[PDB]
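# Survey of secondary and tertiary structure
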Amino acid sequence: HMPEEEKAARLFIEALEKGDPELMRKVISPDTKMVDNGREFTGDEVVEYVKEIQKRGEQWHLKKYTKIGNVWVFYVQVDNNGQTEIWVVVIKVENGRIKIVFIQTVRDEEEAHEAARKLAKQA
């Protein structure tokens, strides 16, 4: 039902939702780039990132997502120890693997849409 491109991106989010590094390993490639609020990760660093989520006990929940051009935009609720934020996650898949992921934290669903537009245009 879901195309491979969508499956890939969706799996990336699933990994974070479940804090599952092995799941993440399956989706990324040595040149996969992720930028989390300015901080760049590459390759295995992204898997290590997922290990940190789990360790921290951080809870990622997907609210909804959409396709803008050739990038995927996910809106995720993130929780750490009695505090809740919306994070925007923009993914570009190339040849069935994650090329580039942009993550940014935002303070309302309106600024979410703004960041999504902005980050999409960079991906």
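Residues numbered from 1 in each chain as written, not as in the entry; some residues may be left out. Heavy atoms only, no water.

If you check the header, you'll see the entry was determined by X-ray crystallography and the resolution is listed as 2.40 Å.

Turning next to the packing of aromatic side chains. Scanning the model with the defined rule gives 4 aromatic pairs in all. With centroids separated by 6.4 Å and ring planes inclined at 50 degrees, the aromatic side chains of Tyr65 and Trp72 adopt a geometry described as tilted. One aromatic cluster in this structure is built from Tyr65, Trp72 and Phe74. (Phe/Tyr/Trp six-rings, centres within 6.5 Å; stacked < 30°, edge-to-face > 60°.)

Let us look at the pairing of strand β3 (residues 59-68). Bridging between β3 and strand β4 (residues 71-79) involves 9 bridges; their strand directions are antiparallel. In the strand pairing of β4, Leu62 is matched with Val76. Adjacent in sequence and paired antiparallel, β3 and β4 are bridged by 2 residues, among which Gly69 carries a positive phi angle near 55 degrees. (Pairing = 2+ DSSP bridges. Helix = DSSP H or I, 4+ residues; strand = E, 2+ residues; numbered from the N terminus.)

Moving on, we come to the side chain of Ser29. For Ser29, the position within the fold is in the loop between α2 (21-27) and β1 (33-36). A polar contact is formed between the side chain of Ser29 and the side chain of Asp31, at a distance of 2.7 Å. (Polar contact = N/O pair within 3.5 Å; in protein donor to acceptor, adjacent residues only side chain to side chain.)

Under the defined criterion, the tally for this structure stands at 7 salt bridges. Linking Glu85 and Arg107 is a salt bridge whose minimum nitrogen-to-oxygen distance equals 4.0 Å. Residue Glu85 is found in strand β5 (residues 84-94), and its partner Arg107 is found in the loop between β6 (97-106) and α4 (109-120); the two are separated by 22 residues along the sequence. Residue classification places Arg107 among the exposed positions, given a relative accessible area of 59%. (Salt bridge = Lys/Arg side-chain N within 4 Å of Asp/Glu carboxyl O. Buried < 20%, exposed > 50% of the residue type's maximum accessible area, 1.4 Å probe, protein only.)

The next subject is a negative patch on the surface. Taken together, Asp108, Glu109, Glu110 and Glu114 make up a surface patch of like negative charges. Residue placement: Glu110 occurs in helix α4. Its relative accessible area of 54% is what places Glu110 among the exposed residues. (Patch = residues over 30% accessible without salt bridge, like charges linked within 9 Å, V, L, I, M, F, W, Y side chains within 5 Å. Areas by Shrake-Rupley, 256 points an atom, 1.4 Å probe, with all protein chains shown as cover. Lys, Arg positive; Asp, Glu negative; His and termini not counted. Charge placed at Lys NZ, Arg CZ, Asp CG, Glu CD.)

This paragraph deals with the environment of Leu11. On the secondary structure map, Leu11 appears in helix α1 (residues 4-18). Take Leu11: its relative accessible area is 22%, and that puts it in the partly exposed class. Spatially, the C-alpha atoms of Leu11 and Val27 are 7.1 Å apart, while their sequence positions differ by 16 residues. Those residues within four positions of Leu11 in sequence are excluded, and the remaining contacts are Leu23 and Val27. (Contact = heavy atoms within 4.5 Å.)

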